[PDB]
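>
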Amino acid sequence: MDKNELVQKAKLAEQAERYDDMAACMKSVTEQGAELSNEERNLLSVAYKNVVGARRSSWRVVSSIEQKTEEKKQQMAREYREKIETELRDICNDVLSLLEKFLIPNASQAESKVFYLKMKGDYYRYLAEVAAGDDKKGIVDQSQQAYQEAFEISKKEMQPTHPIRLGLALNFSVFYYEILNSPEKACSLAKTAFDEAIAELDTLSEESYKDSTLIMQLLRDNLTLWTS
Amino acid sequence: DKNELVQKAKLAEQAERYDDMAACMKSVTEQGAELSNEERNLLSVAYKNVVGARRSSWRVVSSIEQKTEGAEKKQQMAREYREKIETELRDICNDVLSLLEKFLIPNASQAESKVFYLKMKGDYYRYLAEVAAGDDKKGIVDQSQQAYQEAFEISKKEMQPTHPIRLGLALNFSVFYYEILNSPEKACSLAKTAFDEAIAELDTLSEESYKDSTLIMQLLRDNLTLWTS
Amino acid sequence: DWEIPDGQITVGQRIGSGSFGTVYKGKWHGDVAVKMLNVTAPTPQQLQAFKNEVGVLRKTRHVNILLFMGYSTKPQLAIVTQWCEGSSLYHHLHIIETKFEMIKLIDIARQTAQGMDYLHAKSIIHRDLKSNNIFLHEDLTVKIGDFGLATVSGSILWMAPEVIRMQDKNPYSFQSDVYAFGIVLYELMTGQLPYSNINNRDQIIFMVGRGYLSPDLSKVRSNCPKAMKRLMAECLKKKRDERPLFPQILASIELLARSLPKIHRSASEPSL
Amino acid sequence: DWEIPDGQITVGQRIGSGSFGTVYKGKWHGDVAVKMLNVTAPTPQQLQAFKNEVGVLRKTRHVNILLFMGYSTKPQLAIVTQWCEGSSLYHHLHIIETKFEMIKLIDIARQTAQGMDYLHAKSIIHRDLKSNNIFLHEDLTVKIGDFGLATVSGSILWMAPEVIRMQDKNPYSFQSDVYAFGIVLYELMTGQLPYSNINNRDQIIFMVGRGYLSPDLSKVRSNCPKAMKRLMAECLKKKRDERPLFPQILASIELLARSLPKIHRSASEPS
Ligand SMILES: CN(C)CCOc1ccc(-c2nc(-c3ccc4c(c3)CC/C4=N/O)c(-c3ccncc3)[nH]2)cc1
Ligand SMILES: CN(C)CCOc1ccc(-c2nc(-c3ccc4c(c3)CC/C4=N/O)c(-c3ccncc3)[nH]2)cc1
Numbered sequence: 001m002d003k004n005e006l007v008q009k010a011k012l013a014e015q016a017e018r019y020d021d022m023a024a025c026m027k028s029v030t031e032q033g034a035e036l037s038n039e040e041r042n043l044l045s046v047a048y049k050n051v052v053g054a055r056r057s058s059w060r061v062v063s064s065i066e067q068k069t070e073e074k075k076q077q078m079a080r081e082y083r084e085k086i087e088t089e090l091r092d093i094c095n096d097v098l099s100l101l102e103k104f105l106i107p108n109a110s111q112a113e114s115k116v117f118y119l120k121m122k123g124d125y126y127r128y129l130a131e132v133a134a135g136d137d138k139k140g141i142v143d144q145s146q147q148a149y150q151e152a153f154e155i156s157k158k159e160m161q162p163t164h165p166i167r168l169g170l171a172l173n174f175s176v177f178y179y180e181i182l183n184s185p186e187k188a189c190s191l192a193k194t195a196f197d198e199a200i201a202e203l204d205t206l207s208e209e210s211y212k213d214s215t216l217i218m219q220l221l222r223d224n225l226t227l228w229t230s
Numbered sequence: 002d003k004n005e006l007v008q009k010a011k012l013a014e015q016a017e018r019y020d021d022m023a024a025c026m027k028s029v030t031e032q033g034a035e036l037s038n039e040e041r042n043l044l045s046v047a048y049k050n051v052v053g054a055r056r057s058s059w060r061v062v063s064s065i066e067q068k069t070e071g072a073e074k075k076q077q078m079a080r081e082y083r084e085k086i087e088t089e090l091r092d093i094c095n096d097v098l099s100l101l102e103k104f105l106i107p108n109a110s111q112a113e114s115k116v117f118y119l120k121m122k123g124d125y126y127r128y129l130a131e132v133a134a135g136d137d138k139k140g141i142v143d144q145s146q147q148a149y150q151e152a153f154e155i156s157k158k159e160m161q162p163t164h165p166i167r168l169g170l171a172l173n174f175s176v177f178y179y180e181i182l183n184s185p186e187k188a189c190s191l192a193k194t195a196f197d198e199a200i201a202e203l204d205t206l207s208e209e210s211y212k213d214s215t216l217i218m219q220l221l222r223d224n225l226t227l228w229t230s
Numbered sequence: 449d450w451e452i453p454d455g456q457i458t459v460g461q462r463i464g465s466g467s468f469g470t471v472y473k474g475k476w477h478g479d480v481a482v483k484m485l486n487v488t489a490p491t492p493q494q495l496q497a498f499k500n501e502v503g504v505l506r507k508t509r510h511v512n513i514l515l516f517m518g519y520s521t522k523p524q525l526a527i528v529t530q531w532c533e534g535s536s537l538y539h540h541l542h543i544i545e546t547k548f549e550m551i552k553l554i555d556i557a558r559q560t561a562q563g564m565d566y567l568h569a570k571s572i573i574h575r576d577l578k579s580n581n582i583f584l585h586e587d588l589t590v591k592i593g594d595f596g597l598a599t600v614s615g616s617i618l619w620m621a622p623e624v625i626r627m628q629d630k631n632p633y634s635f636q637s638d639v640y641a642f643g644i645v646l647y648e649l650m651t652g653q654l655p656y657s658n659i660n661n662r663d664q665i666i667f668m669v670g671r672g673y674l675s676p677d678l679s680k681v682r683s684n685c686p687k688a689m690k691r692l693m694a695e696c697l698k699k700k701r702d703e704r705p706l707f708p709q710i711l712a713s714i715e716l717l718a719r720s721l722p723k724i725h726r727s728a729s730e731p732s733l
Numbered sequence: 449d450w451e452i453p454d455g456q457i458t459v460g461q462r463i464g465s466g467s468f469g470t471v472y473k474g475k476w477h478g479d480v481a482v483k484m485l486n487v488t489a490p491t492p493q494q495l496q497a498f499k500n501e502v503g504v505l506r507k508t509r510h511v512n513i514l515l516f517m518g519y520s521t522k523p524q525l526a527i528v529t530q531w532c533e534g535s536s537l538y539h540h541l542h543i544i545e546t547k548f549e550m551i552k553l554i555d556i557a558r559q560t561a562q563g564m565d566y567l568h569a570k571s572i573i574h575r576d577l578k579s580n581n582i583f584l585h586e587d588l589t590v591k592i593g594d595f596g597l598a599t600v614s615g616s617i618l619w620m621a622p623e624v625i626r627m628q629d630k631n632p633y634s635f636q637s638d639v640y641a642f643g644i645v646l647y648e649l650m651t652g653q654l655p656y657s658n659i660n661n662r663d664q665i666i667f668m669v670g671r672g673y674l675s676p677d678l679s680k681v682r683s684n685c686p687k688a689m690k691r692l693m694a695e696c697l698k699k700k701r702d703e704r705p706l707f708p709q710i711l712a713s714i715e716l717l718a719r720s721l722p723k724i725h726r727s728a729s730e731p732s
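Protein chains in written order, with the deposited numbering: chain D, 1 to 70, 73 to 230; chain C, 2 to 230; chain B, 449 to 600, 614 to 733; chain A, 449 to 600, 614 to 732.
Rendered as structure tokens:
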């Protein structure tokens, strides 16, 4: 099971909707010291995002039931909910741990650095979306510079029609409104990201236009809802 | 307790976490008490969903293997992963089957209860039948039809031909012949008729039975059109 | 002339009742809908109403108006119209209570407001608006039926106070439909039947007829925009001469439709 | 009386050219489509054709027929209908090269045959059937528009030999209408413009008249059922009286719709 063989196994798991086996294999691939290429980066991103997405949605629907029933039905929902964060925390902690030992320390190219930092800050945000109490203040504090450090790296050596920078700006804006509750700052930085995108349509090639414009409309969709 | 586990499984239904739902409902059967209609459905949906994901996972990977010929290494690597799905489908099918043979059928009291679990036993044998191969393949095909024939005989004597449970038995039984034994003539013969007697007694059909039956009735007609061509 | 020779209009499964007839799922140049009273040798005055009903439907040509295909005299008095895949909005809010979408709720609201705007252009008054007439054609288009009582009593929830008072020969007016439309907008946004607190009919006529009872906007769902909430209050006013006419209603609905937000409150989703 | 007063209709983006003029996306009680000649001082005989066009569209009321809303006299002789958002059948098959499922192909074929039965039931002949005239409202329903040359030359790909050989002053017959439907049926199932390997016009007009030209059935998709192949051949017959009328074609398609494998895998328990 070398680098090439392990990558193929993830692809079959991707086609078979076996996300758990996809993440388990892809975690081993990045734990060998090799420098991941562009396509392996998408496979790792797809693997760990989908597994969290199902658990995130499970908590979101369960949390709706818990706070909309007012005995014994409240404790059983809380007990079931407490199991959700447990599964969510270790899967998020696993990604955070693996990023800081193998990916970021060996991250040579800056565009690869900004991807991992963008991906890194999300898992603090996912925990921030559910962690309540004194731990919430600490966990959001660590996420703020990860978004900030990634944003400034793309601010200089990376194009603003690039999907990743545009995706980072979309991912950077959502943090303030959904966690920090600062719509004034979120929309302001979303506008300049939107304004920097609209001013350089004469540079994108015939490959990256599709993903960039898909993220481009998502910025508009949030902005209209935010301005309400 | 009793109510707590019912609520726990119902809570897991809205969260799209069927693995937890199946585990909670498994202990409800082991309690030994009779299961009401609303909790029998929870048993069916929880176990159907968990095995349905494995069924699709095996189906997709099997199609890939046959379409990637020429390179033996790619063919080789798909076999053990298929066997991982093969065995994972086996434990879940064996889990319900062992549960069926030990706590559901023996404790059944009503005639409708007996046929319902008999249909499930044939269904979960059919799921393993569609995936297993070799000498043991025909054995589990053999036991599956015995559960079906026992279910079919009991169903006709007691339930009305417009009863959705009987319709589901006939629909599942018809697919068993075409997909597994490859006998469309016998499969269509029961499928063609089973539609008719339910049609022949639409006068006694209740409003509550109008909704659920017509989905099964149309699927029987839908299945008949595919097998006819 | 739109006379159809008899025998062509077959009669299928019964669906329900209409103004003064019973509807059927017929077959005449395709799937159609036919409503007949199944009473042979009808009264002459009902024929006059039946004759006047055709004279009104023959003057309606719109997408948001149920398409009048023709009328049959023999063997029984009936009209043949379009068949809407699905059911009325009443069935979608009182039988299945569909969890509707706000972006769709405005679109269905805009289509209805567009339907009566065309009617009022031809100086046509419907006088029989209710949620049982909002036919949701395969969940995209909306048609307006029940043109028997209309001209160029009702259901105890969908009239304006002026007509409950039993005023002069023509108590229904252009604004009377607006209040009825406003009652319709109440059901879409709340998702609940208005006047649900009172389960009687003798009490409801006295309290709303004289103006002592008006719908309350407490049950409207939270994510409903403030602009839509203001419009509902602006159209349910007690006096007719101050209600906003349909041309203003369409502009207000379309104005907030552009500014209406979407769902999935946050994106954060690259394709990958 | 649908004579709209002047100034009640706006004009939007130019959509295209219809029978005797250009069509515009208007705004009159919602989005509409208005057809006008945009020519001042209308020709005296041009008004004769225009009044009949309104006088024939006023007799059609069907879900599968384009809905005529009204007509205008001043400042222009214009006719306005409903707006079928989406595109036309020509755009789907020859511009975008779209692909539909087997159930969808019959659905379009059944509906355009469904509406045409209504037209011939009122003794009305369309005379200009063509894939530009099959408008797909909301991508599902099919509407029959462009009644410019109706009764009670444009492209020749969709007309009949019975109107090519310069027959009596009434060559437009019911069977001639049926033939144009058959060519449409060729367009649907084969998914290709008829006579793809011919790139001229003067040869086509003479060859169809003498009976030496007919679309080749080699381009038909293999998944197309044999029932349509018989119907296509019986509808493409050169002679007039040997072509079935629409009601039998309409009933033939409905028979095929039931015997069609909608699903590709055997259906199990819906649960
Ligand atoms: C729920 N409760 C009200 C009990 C009762 O339920 C009913 C449910 C549904 C209905 C129902 N009336 C119509 C209806 C109404 C008016 C007219 C027609 C049909 C044909 C001619 C006409 N002129 O106004 C339809 C319908 C119309 C078009 N396409 C499909 C259906 N459907 C009537 C009653
Ligand atoms: C030639 N160049 C412009 C390229 C593009 O070609 C065309 C593109 C599009 C078209 C086109 N004509 C119509 C059309 C045809 C007939 C009639 C009307 C519109 C209004 C009333 C009428 N009487 O015949 C439509 C259309 C109709 C309804 N809904 C949507 C569209 N679309 C015609 C030509």
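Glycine is no exception: its CB is placed at the ideal position from the N, C-alpha and C atoms.
Using a Cβ-Cβ cut-off of 6 angstroms (strictly less than) and excluding sequence neighbours within five positions of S616 of chain B, which residues of its own chain qualify?
Walking along the third sequence from the start, residue 616 of chain B turns up at place 155. Counting only Cβ-Cβ distances below 6 angstroms, and skipping sequence neighbours, we find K578.
> Using 9 angstroms as the threshold, is the C-beta distance between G466 of chain B and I513 of chain B below it?
For the purposes of this step, residue 466 of chain B is taken as residue 18 along the third sequence, with counting starting at 1. For the purposes of this step, residue 513 of chain B is taken as residue 65 along the third sequence, with counting starting at 1. No, they are not a contact pair.
> Counting only C-beta atoms, is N512 of chain A closer than 9 angstroms to chain B at any point?
Counted from its first residue, the fourth sequence places residue 512 of chain A at position 64. Chain B, which has a Cβ nearer than 9 angstroms to the Cβ of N512 of chain A, makes this yes.
> Shorter than 9 angstroms from the beta carbon of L733 of chain B to some beta carbon of chain D?
Counting from one through the third sequence, the residue named residue 733 of chain B turns up at place 272. Output row for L733 of chain B: interface = yes.
> At the level of alpha carbons, what is the spacing between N50 of chain C and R558 of chain B?
Taking the second sequence and counting its residues from 1, the one referred to as residue 50 of chain C is at position 49. Taking the third sequence and counting its residues from 1, the one referred to as residue 558 of chain B is at position 110. Between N50 of chain C and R558 of chain B, the C-alpha separation is close to 41 angstroms.
> Once the 5 residues before and after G518 of chain A are set aside, which same chain residues still bring their CB inside 6 angstroms of it?
Translated into the one-based positions of the fourth sequence, residue 518 of chain A becomes position 70. The residues are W450, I452, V528.
> Measure from the C-beta of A54 of chain D to each C-beta in chain C and report whether the shortest distance is under 9 angstroms.
What you label residue 54 of chain D is simply residue 54 of the first sequence in a count that begins at 1. Yes, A54 of chain D lies at the interface with chain C (some Cβ there is under 9 angstroms from its Cβ).
> Measuring only the C-alpha atoms, how far is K499 of chain A from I463 of chain A?
To locate residue 499 of chain A, count along the fourth sequence from 1; it is residue 51. To locate residue 463 of chain A, count along the fourth sequence from 1; it is residue 15. So the two alpha carbons sit approximately 23 angstroms from each other.
> Which whole-angstrom value is the C-beta distance of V52 of chain D and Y128 of chain D, which I expect to be below 8 angstroms?
The residue given as residue 52 of chain D occupies position 52 in the first sequence. The residue given as residue 128 of chain D occupies position 126 in the first sequence. That belief holds up - the Cβ atoms of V52 of chain D and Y128 of chain D are roughly 6 angstroms apart, short of 8 angstroms.
> Determine the chain C residues that contact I65 of chain D at a beta-carbon separation under 8 angstroms, and present them in chain order.
As a first step, residue 65 of chain D must be located in the first sequence, where it is residue number 65. Ordered by position in chain C, the residues that pass the 8 angstroms Cβ test against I65 of chain D are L12, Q15.
> For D204 of chain D, which residues of its own chain have a beta-carbon under 7 angstroms away from its beta-carbon, when the five flanking residues on both sides are left out?
On the first sequence, residue 204 of chain D is found 202 positions in, with the first residue counted as 1. Taken in chain order, the list of residues that qualify is empty.
> Touching or not, the region 722 to 729 of chain B and the region 165 to 181 of chain D, by the rule of three or more beta carbon pairs under 8 angstroms?
They touch, by the three-pair rule.
> Pair every Cβ in the region 519 to 539 of chain B with every Cβ in the region 579 to 597 of chain B, then say whether three or more of these pairs are closer than 8 angstroms.
In short, these stretches touch, since the Cβ pair count reaches three.
> Secondary structure at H574 of chain A, three-state DSSP: helix, strand or coil?
Residue numbering aside, residue 574 of chain A sits at position 126 when the fourth sequence is read from its first letter. Correct three-state label for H574 of chain A: coil.
> In three-state terms, what does DSSP make of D587 of chain A?
Here residue 587 of chain A refers to the residue found at position 139 of the fourth sequence. Residue state, collapsed to three classes: coil.
> Between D454 of chain B and ligand 1, is the CB less than 8 angstroms from at least one heavy atom?
Taking the first residue of the third sequence as position 1, residue 454 of chain B is located at position 6. Not under cutoff, so the answer is no.
> What number of angstroms, rounded off, separates the C-alpha of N224 of chain C from the C-alpha of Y179 of chain C?
Mapped onto the second sequence, residue 224 of chain C falls at position 223. Mapped onto the second sequence, residue 179 of chain C falls at position 178. Spanning the two alpha carbons is a distance of roughly 10 angstroms.
> Kindly say whether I155 of chain D, judged by its beta-carbon, lies nearer than 9 angstroms to any beta-carbon of chain B.
Locating residue 155 of chain D in the first sequence gives position 153, counting from the first residue. No, its Cβ sits nowhere closer than 9 angstroms to a Cβ of chain B.
> For a contact meaning CB atoms closer than 9 angstroms, what does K680 of chain B contact in chain D?
For the purposes of this step, residue 680 of chain B is taken as the residue at position 219 of the third sequence. Within chain D, no residue comes near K680 of chain B; the closest Cβ sits about 16 angstroms away, beyond 9 angstroms.
> Give the DSSP bridge partners of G474 of chain A, in chain order.
Numbered from its first residue, the fourth sequence carries residue 474 of chain A at position 26. In DSSP, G474 of chain A forms a bridge with A:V480.
> Return yes when the Cβ of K687 of chain B is within less than 9 angstroms of the Cβ of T651 of chain B, no when it is not.
In the third sequence, the residue the question calls residue 651 of chain B occupies position 190. In the third sequence, the residue the question calls residue 687 of chain B occupies position 226. No; because the gap between Cβ atoms is not below 9 angstroms, this pair is not in contact.
> For ligand 2, I want to know if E533 of chain A counts as a neighbour, meaning its beta carbon is within less than 8 angstroms of at least one of the ligand's heavy atoms.
Counted from its first residue, the fourth sequence places residue 533 of chain A at position 85. It does: the Cβ of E533 of chain A is within 8 angstroms (strictly closer) of some heavy atom of ligand 2.
> Classify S214 of chain D: buried if its beta carbon has 16 or more other beta carbons within 10 angstroms, exposed otherwise.
Here residue 214 of chain D is taken as the residue at index 212 of the first sequence, counted from 1. Flag for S214 of chain D reads buried.
> Using the three-state DSSP reduction, which class does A526 of chain A fall into: helix, strand or coil?
Within the fourth sequence, numbered from 1, the residue matching residue 526 of chain A stands at position 78. Note: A526 of chain A maps to strand in three-state DSSP.
> Quick one: does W531 of chain A have its CB under 9 angstroms from some CB of chain B?
Stepping through the fourth sequence from its first residue, residue 531 of chain A is reached at position 83. True, the Cβ-Cβ gap to chain B drops below 9 angstroms.
> Is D594 of chain A near ligand 2, in the sense that its beta carbon is under 8 angstroms from a heavy atom of that ligand?
In the fourth sequence, the residue the question calls residue 594 of chain A occupies position 146. Because some heavy atom of ligand 2 lies under 8 angstroms away, the Cβ of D594 of chain A counts as near it: yes.
> Any heavy atom of ligand 1 within a distance shorter than 8 angstroms of the CB on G503 of chain B?
If you number the third sequence from 1, residue 503 of chain B lands on position 55. False, no ligand heavy atom lies under 8 angstroms from that Cβ.
> Using a Cβ cut-off of 9 angstroms (strictly closer), state whether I217 of chain D contacts chain B.
Reading the first sequence from its first residue, position 215 is the one you call residue 217 of chain D. Cβ-Cβ to chain B under 9 angstroms: yes for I217 of chain D.
> Could you tell me whether any non-hydrogen atom of ligand 2 is closer than 8 angstroms to the CB of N486 of chain A?
For the purposes of this step, residue 486 of chain A is taken as the residue at position 38 of the fourth sequence. False, no ligand heavy atom lies under 8 angstroms from that Cβ.
> Name the two residues that bound the continuous beta strand (DSSP E) containing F516 of chain B.
Taking the first residue of the third sequence as 1, we reach residue 516 of chain B at position 68. Note, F516 of chain B: beta strand (DSSP E), 516 to 520.
> Could you name the residues of chain D that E730 of chain B contacts, counting a contact when the two beta carbons are closer than 8 angstroms?
The residue labelled residue 730 of chain B in the question sits at position 269 within the third sequence. The contacting residues are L220.
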